[PDB]
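Heads up, the chain below is alone and in the form deposited in one PDB entry; it's given as structure tokens.
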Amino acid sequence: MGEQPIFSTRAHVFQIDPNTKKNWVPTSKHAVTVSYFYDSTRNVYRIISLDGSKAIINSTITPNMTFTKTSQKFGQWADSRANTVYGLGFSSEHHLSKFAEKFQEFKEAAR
């Protein structure tokens, strides 16, 4: 297939404020589904999330992109295509933990 579903989880989505990159701005009002998809048409993994029919995340994973845990339930990563920093807040450390693990896997496939 051109777009292959791989993994899906839920979280509240945020982006850092453009101006000083320090204040968190909510992007979704609800927790939404955040997923990893493999795009074979472009040969890359993508992090995709829609709030309703509005894509709020469509981040291609690149070899040096890095996911950082900020608390036991929240983590972030920088994205140059959209020129921002995404933050994800999970209901539990186990979910943040698992998301970060998958991130590392597809980062390597990218390299």
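Residue numbers here begin at 1 and follow the sequence given.
The same protein has a further form, the form deposited with a partner chain bound, not shown here; the description that follows concerns it.
J.: Only one of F67, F37, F74, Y86 comes within 4.5 Å of the partner chain in the deposited complex by heavy atoms, so just point that one out.
T.: None of the other options qualify; the answer is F74.
J.: Is there a heavy atom of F103 no more than 4.5 Å from a heavy atom of the partner chain in the deposited complex?
T.: Outside the cut-off, so no.
J.: Can any non-hydrogen atom of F14 be found within 4.5 angstroms of the partner chain in the deposited complex?
T.: Within the cut-off, so yes.
J.: So in the deposited complex, does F90 come within 4.5 Å of the partner chain, heavy atom to heavy atom?
T.: The answer is yes: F90 has a heavy atom within 4.5 Å of the partner chain.
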